[PDB]
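Peer 1: Please see the structure below; I have some questions.
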Amino acid sequence: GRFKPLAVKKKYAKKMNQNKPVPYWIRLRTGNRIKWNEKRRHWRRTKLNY
Amino acid sequence: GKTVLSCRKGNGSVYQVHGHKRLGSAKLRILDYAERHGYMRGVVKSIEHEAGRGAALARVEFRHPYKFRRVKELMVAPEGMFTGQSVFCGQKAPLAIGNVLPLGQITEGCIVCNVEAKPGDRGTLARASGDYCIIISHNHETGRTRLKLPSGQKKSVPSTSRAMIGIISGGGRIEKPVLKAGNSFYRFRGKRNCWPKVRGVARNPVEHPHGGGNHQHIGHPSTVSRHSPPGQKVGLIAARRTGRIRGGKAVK
Amino acid sequence: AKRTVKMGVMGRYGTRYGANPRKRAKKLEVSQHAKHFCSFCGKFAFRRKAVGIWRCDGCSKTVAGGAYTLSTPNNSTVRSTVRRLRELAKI
RNA sequence: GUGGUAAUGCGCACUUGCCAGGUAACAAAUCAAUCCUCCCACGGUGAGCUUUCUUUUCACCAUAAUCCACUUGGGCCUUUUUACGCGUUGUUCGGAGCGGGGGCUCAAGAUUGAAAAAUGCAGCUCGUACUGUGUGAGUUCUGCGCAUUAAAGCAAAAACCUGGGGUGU
RNA sequence: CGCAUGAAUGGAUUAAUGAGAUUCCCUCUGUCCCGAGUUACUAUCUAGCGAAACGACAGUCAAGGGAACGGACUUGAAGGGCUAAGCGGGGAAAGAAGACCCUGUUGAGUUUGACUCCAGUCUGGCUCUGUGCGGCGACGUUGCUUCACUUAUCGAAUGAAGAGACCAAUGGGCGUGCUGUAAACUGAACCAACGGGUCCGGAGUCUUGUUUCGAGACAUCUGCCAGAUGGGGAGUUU
RNA sequence: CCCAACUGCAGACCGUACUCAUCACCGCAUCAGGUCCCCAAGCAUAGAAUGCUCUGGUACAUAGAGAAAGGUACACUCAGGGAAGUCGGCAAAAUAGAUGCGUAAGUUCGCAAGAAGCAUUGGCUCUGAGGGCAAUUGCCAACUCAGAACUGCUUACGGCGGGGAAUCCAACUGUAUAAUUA
RNA sequence: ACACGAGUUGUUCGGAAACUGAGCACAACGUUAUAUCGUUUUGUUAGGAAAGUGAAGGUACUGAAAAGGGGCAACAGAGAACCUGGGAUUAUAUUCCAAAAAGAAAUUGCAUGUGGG
RNA sequence: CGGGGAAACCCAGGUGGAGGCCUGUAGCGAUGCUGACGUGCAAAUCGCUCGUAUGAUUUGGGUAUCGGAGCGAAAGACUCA
């Protein structure tokens, strides 16, 4: 819909930023574990209800 | 088992008065100094209809006895009360239809409506369409006035009580058959959630003491004691009589 | 012509609610849709509005008269007795 | 403040000190019906069809808000008096003032201008200049409410408005 | 002569109405005699994709006995292997720790004349709880009690808006607060004019004091104690 | 200090994408289910029924070859008989639009009733009737109904009631066991 | 799908500032061993002293008048001052366009100037 | 509007548009096939047929009443499969 509180708009603003993939260099840190981002998301599944 | 439906109406959840479309309470004018020592004179500004009342109300506009302003009272119109009429209310007020006199001032056998059972009550009784009291006798020592009412019982009101002369507006209503479930619909719509009403023998035994089975039937006498607890009192509550009244109908 | 023998205003309930209850409503049904004499102007102008509210078309007066008619039969006594019962006290 | 016999017209002030009333505010059906849509008529530009036929078939032909200066329907005044007459598709109305003459006002429009052709659209010319610009069927905005069957009678308040009284005096 | 019909536990009728129950008739028909042909989409074969139910091991029969109805054992008869589409006789086929029935010192929903109690409603006593003249009793006191009171308390109304008095005792140290109305039929009223010497009037003053009205020591008041009722509700058994 | 017509400067806050569904939501999913509101063309027709079409939008739903049996169908037909089938006319067939005539018992006088039943219908060329406006006369629009002559039927889209004689029950409209009982 | 950049523009559009409705429950009061309970719109809280406003007058005192505390609940009710044109876009628009604003208006606040009082 | 009658009233033609009225869309339902499906399109769907369709109608948002309790035109219905 068009309506939204602004407080709710930001929560989706944050969650849009967090969907980016794991940087390529950060795999190369010495003693590194993280490979691909495990918290990624797609609106088609697991819907935020904010 | 489950609670009986006559008990669930006691919560007042869904079963409260609707009363949105209503105009407010209908009372006689306040009892004032002028009301007691004199009369205040208003004028009937309109005659209209509460949703869910069978009578016809009246907006009567007095003038304020103290400040400069004009107060509007809403009372239950007598029979021939017409728009533009001047209504007198007080002790000096002459005896005429629609005027409000203190009930000790009214003759002997007059027809009276909208009585107040307590001197300052602004009227509680004989307020239903077509109903009127008949004042019987004034007792000049004790200061009481005996009168019959609509149910035939005869009561004694303190004679400083006020009264309105003449029968109440509506009349009838009852004398006309409804003919359909449909006219019974908006009937109570302006009143309550009273309707339609499932009779007890149809409903299951948890919900009602009549809730029996193979053959719709009560199975135990339907007359119930006065001391029966809530959820039990059902049917005829402490009936002195039962069945057809063949002659008699003594006032109940 | 005359398009019903008896039923009259009740022909709108076609076969339906039974002879005697229809016939009993018909009285009170034609009463309220009748035009009643207005003792103020003199026309027969009153129409029933709501229950008991009777408005004159010539006068624009409204009256509390009630039910399906202007004056219920025991109103006439109540109005005549007090005309008597006021008059008797004045002397 | 001030004109008209009058319905009411015209543009020194302040009034939420107080009061009174309005707007906001609600409603069937029938009939008529606004913007607008469709169809027909007129004929201008391009296109389609062409063995034969078709003065032809298809598309387009537009004017926003805002602000200025005859018709239809209602309420009303003055005049002449009416008891049969006026009027609707329709269940009406009048000495508590019908009908007629002449007027006042309100509602919905029509019209002529400002805006506004400088725009839009189409065609065409050697990325420019030119050319073109209805007594029909629907339609709920409206007439329209003290307004529907009704033992159904159809929310309220802010905010605004005018008056009473007063201030100016 | 109704096993066992019957009167608002409603009896008897009943036009109109019904996706209600039933029976005949006309019409019509592949419902049928008795089946036949045609169509789309399947099944069928292919390309791509590609599961589940189920699964001890397995799988041809006759007879015998057996847990008394065998794929296996006994004695016979069949049996070359591998396959595609069907089919529904068997696998006492698949689903689901039989819902029927019984059992268990397992329940649960309801009912009542079960056993056992609980709220609710009523009832008694004390209490709340005061004052005065009295009447009946009991042994000056006390139980009860008629009546007249008003401050506890209770019921109501009001924007707590005008009580009572002045009219004076069983007190204390003419009338009764009074412009207006007498069937009714829609007008208005404010923010003092004015008089008297900035005050006092206009607009009476006073207070053993309640806001006013009704009831009133009563009960529908309050609390505890006591009994009756009590499937409305609880526990458990049967 | 107020009023009047202009002028001067300023006019802050949040949403604003996209979707609203045979794929954007809920139903474990891009699920033949469900989900409020607004705009709504042409012809046939009584029409928002139903059939086809210009603007807009689509060719996405796994496909190809293809005559087995057996099936499913928002698919048909059948000689003679016509309910003998079957628990039972289940399913199918049948009836059918509009106009005119006609219509029983029973009845609460309202109905029953579209009772039942009979007949007409196209195409073409004509004729009559039904009005408006302007000053008897002149000019004009938009449709409907009736009648006639000639000529044709292979009875030919879609859509659209089978009907009658009685018994039982409930008076009627309504509600009602979402997912076996309406 | 995935990856990498970009995209949502308002004095007037919707809300809020500022309406009331079915209703809700903060204060207050009362209950409860305990508030995490009840009352709280029939004109309106509370045994209840909840007004911070100021008519007239005297020069920031004097006191008429006003009874009934605070707030929320409507993106379909009430209320609301703006319209089209475009070559203004890959994607937003009654939102953007700048001197010939493509332009034409409406309205709120304050302020100066001229005209009047 | 006309006709009949001494009267009371009675007949006929139009207008009008009443009804929990009838046919029929959407809408709301859910009768029959005991049709499809029945490891589905679907943990109740689909096809034709059928009920009602100006009313006790259908529907959005808000708001109120729930666990021995709520709500119920009463079926042990419903209270997030």
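Starting from 1 in every chain, residues are counted up; chains themselves are A, B, ... following the order of the structure tokens, and ligands are numbered from 1 as listed.
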At a cut-off of 8 Å, list the chain B residues touching chain D, using only C-alpha atoms (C1' of nucleotides), as a ChimeraX atom specification.
Peer 2: /B:21,49,54,68-69,173-174,178,183,186-187
Peer 1: I need the contact residues of chain C against chain F, so if you could list those with any atom within 8 Å, counting only C-alpha atoms (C1' of nucleotides), and return them as an MDAnalysis selection string, that would help.
Peer 2: chainID C and resid 5:7 11 13:20
Peer 1: Please provide as a ChimeraX atom specification all residues within 10 Å of residue 12 of chain H, with the sequence filter that same-chain residues fewer than 5 positions apart are discarded (counting only C-alpha atoms (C1' of nucleotides)).
Peer 2: /C:1-2 /H:2-3
Peer 1: Next, the residues of the selection above should be written as a PDB file, in the first residue's frame with C-alpha atoms (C1' of nucleotides).
Peer 2:
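Okay, this is what ended up in out.pdb:
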```pdb
ATOM      1  CA  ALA C   1     -63.195  -0.346 -12.186  1.00  0.00           C
ATOM      2  CA  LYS C   2     -63.229  -1.886  -8.746  1.00  0.00           C
TER       3      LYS C   2
ATOM      4  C1'   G H   2     -68.798   6.993 -17.930  1.00  0.00           C
ATOM      5  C1'   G H   3     -73.244   3.701 -16.780  1.00  0.00           C
TER       6        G H   3
END
```
Peer 1: Skipping near chain neighbours, those fewer than 3 positions away, what residues fall within 10 Å of residue 58 of chain H using only C-alpha atoms (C1' of nucleotides), listed as a PDB file with N, CA and C atoms (P, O5', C5', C4', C3', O3' and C1' of nucleotides), in the first residue's frame?
Peer 2:
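Output saved as result.pdb:
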```pdb
ATOM      1  P     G H  27     -20.804 -12.824  -8.803  1.00  0.00           P
ATOM      2  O5'   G H  27     -21.605 -12.336  -7.528  1.00  0.00           O
ATOM      3  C5'   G H  27     -21.198 -11.187  -6.812  1.00  0.00           C
ATOM      4  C4'   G H  27     -22.182 -10.851  -5.730  1.00  0.00           C
ATOM      5  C3'   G H  27     -22.348 -11.881  -4.641  1.00  0.00           C
ATOM      6  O3'   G H  27     -21.305 -11.855  -3.687  1.00  0.00           O
ATOM      7  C1'   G H  27     -24.458 -11.166  -5.347  1.00  0.00           C
ATOM      8  P     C H  28     -20.634 -13.223  -3.197  1.00  0.00           P
ATOM      9  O5'   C H  28     -21.732 -13.839  -2.233  1.00  0.00           O
ATOM     10  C5'   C H  28     -22.237 -13.073  -1.157  1.00  0.00           C
ATOM     11  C4'   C H  28     -23.513 -13.646  -0.602  1.00  0.00           C
ATOM     12  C3'   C H  28     -23.497 -15.114  -0.249  1.00  0.00           C
ATOM     13  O3'   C H  28     -22.857 -15.386   0.979  1.00  0.00           O
ATOM     14  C1'   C H  28     -25.460 -14.624  -1.434  1.00  0.00           C
ATOM     15  P     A H  53     -36.840 -14.202  -4.018  1.00  0.00           P
ATOM     16  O5'   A H  53     -35.608 -13.294  -4.432  1.00  0.00           O
ATOM     17  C5'   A H  53     -35.143 -12.270  -3.569  1.00  0.00           C
ATOM     18  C4'   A H  53     -33.819 -11.727  -4.032  1.00  0.00           C
ATOM     19  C3'   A H  53     -33.865 -10.852  -5.265  1.00  0.00           C
ATOM     20  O3'   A H  53     -34.157  -9.512  -4.946  1.00  0.00           O
ATOM     21  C1'   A H  53     -32.184 -12.477  -5.516  1.00  0.00           C
ATOM     22  P     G H  55     -39.639  -7.662  -1.235  1.00  0.00           P
ATOM     23  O5'   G H  55     -38.719  -8.223  -0.082  1.00  0.00           O
ATOM     24  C5'   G H  55     -38.480  -7.482   1.095  1.00  0.00           C
ATOM     25  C4'   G H  55     -37.406  -8.145   1.910  1.00  0.00           C
ATOM     26  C3'   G H  55     -37.118  -7.524   3.259  1.00  0.00           C
ATOM     27  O3'   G H  55     -38.009  -7.974   4.257  1.00  0.00           O
ATOM     28  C1'   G H  55     -35.099  -7.850   2.106  1.00  0.00           C
TER      29        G H  55
END
```
Peer 1: Distance limit 12 Å, atoms considered: only C-alpha atoms (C1' of nucleotides). Which chain F residues sit that close to chain B? Return them as a PyMOL selection string.
Peer 2: chain F and resi 172-175
Peer 1: Output the selection as a PDB file, in the first residue's frame - C-alpha atoms (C1' of nucleotides) for each residue.
Peer 2:
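Output file selection.pdb is given in full below:
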```pdb
ATOM      1  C1'   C F 172     -45.925 -18.755   4.388  1.00  0.00           C
ATOM      2  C1'   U F 173     -40.539 -15.517   3.335  1.00  0.00           C
ATOM      3  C1'   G F 174     -36.472 -16.762   6.596  1.00  0.00           C
ATOM      4  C1'   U F 175     -32.584 -19.606   9.540  1.00  0.00           C
TER       5        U F 175
END
```
Peer 1: Any chance you could list, as a ChimeraX atom specification, the residues in chain C that come up helix (DSSP H, G or I) when DSSP is run on the backbone?
Peer 2: /C:8-12,19-32,73-90
Peer 1: Need to verify the contact set: residue 119 of chain D, 10 Å, only C-alpha atoms (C1' of nucleotides), exclusion of same-chain residues closer than 4 positions in sequence. Can you return it as a PDB file with N, CA and C atoms (P, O5', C5', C4', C3', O3' and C1' of nucleotides), in the first residue's frame?
Peer 2:
```
ATOM      1  P     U D  63     -14.371  20.437 -25.939  1.00  0.00           P
ATOM      2  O5'   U D  63     -13.198  21.365 -25.430  1.00  0.00           O
ATOM      3  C5'   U D  63     -12.410  20.979 -24.320  1.00  0.00           C
ATOM      4  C4'   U D  63     -11.769  22.165 -23.656  1.00  0.00           C
ATOM      5  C3'   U D  63     -12.712  23.304 -23.304  1.00  0.00           C
ATOM      6  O3'   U D  63     -12.292  23.883 -22.078  1.00  0.00           O
ATOM      7  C1'   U D  63     -10.993  24.108 -24.676  1.00  0.00           C
TER       8        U D  63
ATOM      9  P     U G  84      -7.348  19.169 -14.484  1.00  0.00           P
ATOM     10  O5'   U G  84      -6.214  19.175 -15.586  1.00  0.00           O
ATOM     11  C5'   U G  84      -6.545  18.922 -16.934  1.00  0.00           C
ATOM     12  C4'   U G  84      -6.110  20.041 -17.840  1.00  0.00           C
ATOM     13  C3'   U G  84      -4.855  19.788 -18.641  1.00  0.00           C
ATOM     14  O3'   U G  84      -5.103  19.017 -19.788  1.00  0.00           O
ATOM     15  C1'   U G  84      -4.776  21.944 -17.697  1.00  0.00           C
ATOM     16  P     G G  85      -3.922  18.181 -20.450  1.00  0.00           P
ATOM     17  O5'   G G  85      -2.950  19.299 -20.992  1.00  0.00           O
ATOM     18  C5'   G G  85      -3.262  20.032 -22.158  1.00  0.00           C
ATOM     19  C4'   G G  85      -2.099  20.898 -22.549  1.00  0.00           C
ATOM     20  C3'   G G  85      -0.767  20.185 -22.620  1.00  0.00           C
ATOM     21  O3'   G G  85      -0.581  19.483 -23.828  1.00  0.00           O
ATOM     22  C1'   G G  85      -0.522  22.149 -21.367  1.00  0.00           C
ATOM     23  P     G G  86      -0.070  17.970 -23.801  1.00  0.00           P
ATOM     24  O5'   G G  86       1.501  18.119 -23.790  1.00  0.00           O
ATOM     25  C5'   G G  86       2.156  18.992 -24.689  1.00  0.00           C
ATOM     26  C4'   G G  86       3.590  19.194 -24.284  1.00  0.00           C
ATOM     27  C3'   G G  86       4.305  17.960 -23.774  1.00  0.00           C
ATOM     28  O3'   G G  86       4.776  17.133 -24.815  1.00  0.00           O
ATOM     29  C1'   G G  86       4.674  19.719 -22.281  1.00  0.00           C
ATOM     30  P     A G 102       8.687  27.941 -18.812  1.00  0.00           P
ATOM     31  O5'   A G 102       7.386  28.161 -19.689  1.00  0.00           O
ATOM     32  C5'   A G 102       7.391  27.917 -21.086  1.00  0.00           C
ATOM     33  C4'   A G 102       5.984  27.809 -21.610  1.00  0.00           C
ATOM     34  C3'   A G 102       4.975  28.745 -20.969  1.00  0.00           C
ATOM     35  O3'   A G 102       4.978  30.027 -21.563  1.00  0.00           O
ATOM     36  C1'   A G 102       4.101  26.558 -21.022  1.00  0.00           C
TER      37        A G 102
END
```
Peer 1: Check every residue of chain A for an atom within 12 Å of chain G, counting only C-alpha atoms (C1' of nucleotides), and provide those that qualify as JSON, numbers by chain.
Peer 2: {"A": [1, 2, 3, 4, 5, 20, 21, 42, 44]}
Peer 1: Within 12 Å of residue 118 of chain E, counting only C-alpha atoms (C1' of nucleotides), which residues show up once you throw out same-chain ones fewer than 4 positions away? Write them as a PyMOL selection string, please.
Peer 2: chain E and resi 230+232-235
Peer 1: Select, as number ranges by chain, those residues of chain B with any atom no more than 9 Å from chain C (distances computed using only C-alpha atoms).
Peer 2: B: 46-49, 54-58, 77-84, 94-97, 107, 109-111, 129-130, 165-173, 175-180
Peer 1: At what distance in Å, to one decimal, does atom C1' of residue 183 of chain E lie from atom CA of residue 75 of chain B?
Peer 2: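 Value for the atom CA of residue 75 of chain B-atom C1' of residue 183 of chain E distance: 20.7 Å.
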Peer 1: Mind giving me the straight-line distance from atom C1' of residue 71 of chain G to atom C1' of residue 44 of chain G in Å, one decimal?
Peer 2: 14.2 Å
Peer 1: Would you list which chain G residues are within 10 Å of chain B using only C-alpha atoms (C1' of nucleotides), as a VMD selection string?
Peer 2: chain G and resid 21 to 22 42 to 43
Peer 1: Save the residues we just selected, C-alpha atoms (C1' of nucleotides), as a PDB file, in the first residue's frame?
Peer 2:
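The resulting again28.pdb:
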```
ATOM      1  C1'   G G  21     -19.426   8.240  16.671  1.00  0.00           C
ATOM      2  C1'   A G  22     -19.926   2.918  18.489  1.00  0.00           C
ATOM      3  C1'   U G  42     -28.803   9.121  29.933  1.00  0.00           C
ATOM      4  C1'   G G  43     -24.803  16.180  29.937  1.00  0.00           C
TER       5        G G  43
END
```
Peer 1: Set the distance at 12 Å and use only C-alpha atoms (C1' of nucleotides): which residues neighbour segment 145-150 of chain B once local chain neighbours fewer than 5 positions away are removed? I'd like the list as an MDAnalysis selection string.
Peer 2: chainID B and resid 102:119 124:140 155:163 167:168 251:252
Peer 1: In Å, with one decimal, what is the gap from atom CA of residue 12 of chain A to atom CA of residue 24 of chain A?
Peer 2: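 For atom CA of residue 12 of chain A relative to atom CA of residue 24 of chain A, the distance reads 25.3 Å.
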Peer 1: Among segment 29-78 of chain C, which ones does DSSP assign to strand (DSSP E) (computed from the backbone)? Answer as a PyMOL selection string.
Peer 2: chain C and resi 36-37+44-49+53-55+62-63
Peer 1: Give me, as a list in words, the residues of chain H touching chain C, with the criterion being at most 9 Å (counting only C-alpha atoms (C1' of nucleotides)).
Peer 2: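 Taken together, these residues fit the definition: residues 11, 12, 13, 14, 18, 19 and 21 of chain H.
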Peer 1: Would you save the residues from that selection as a PDB file, in the first residue's frame, using C-alpha atoms (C1' of nucleotides)?
Peer 2:
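As written to disk, out-v7.pdb reads:
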```pdb
ATOM      1  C1'   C H  11     -71.051  -2.178 -12.355  1.00  0.00           C
ATOM      2  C1'   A H  12     -67.310  -0.888 -16.519  1.00  0.00           C
ATOM      3  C1'   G H  13     -62.757   1.720 -18.854  1.00  0.00           C
ATOM      4  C1'   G H  14     -58.211   4.080 -17.728  1.00  0.00           C
ATOM      5  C1'   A H  18     -48.036  -2.084  -3.649  1.00  0.00           C
ATOM      6  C1'   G H  19     -45.563  -6.809  -1.951  1.00  0.00           C
ATOM      7  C1'   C H  21     -44.911 -11.166  -4.354  1.00  0.00           C
TER       8        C H  21
END
```
Peer 1: Considering only C-alpha atoms (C1' of nucleotides), can you say which of F:44, F:4, F:12, F:20 comes closest to chain A?
Peer 2: F:20
Peer 1: Output as a PDB file with C-alpha atoms (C1' of nucleotides), in the first residue's frame the set of chain E residues within 12 Å of chain C, with distances taken over only C-alpha atoms (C1' of nucleotides).
Peer 2:
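File written: part01.pdb
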```pdb
ATOM      1  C1'   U E  14     -56.412 -26.074   6.000  1.00  0.00           C
ATOM      2  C1'   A E  15     -56.355 -22.287   0.172  1.00  0.00           C
ATOM      3  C1'   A E  16     -51.219 -20.453  -1.055  1.00  0.00           C
ATOM      4  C1'   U E  17     -46.103 -22.035  -0.421  1.00  0.00           C
ATOM      5  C1'   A E 182     -57.596  29.876  34.902  1.00  0.00           C
ATOM      6  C1'   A E 183     -58.914  25.940  28.411  1.00  0.00           C
ATOM      7  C1'   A E 184     -54.836  26.352  24.906  1.00  0.00           C
ATOM      8  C1'   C E 185     -53.649  28.016  19.934  1.00  0.00           C
ATOM      9  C1'   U E 186     -45.094  29.755  19.027  1.00  0.00           C
TER      10        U E 186
END
```
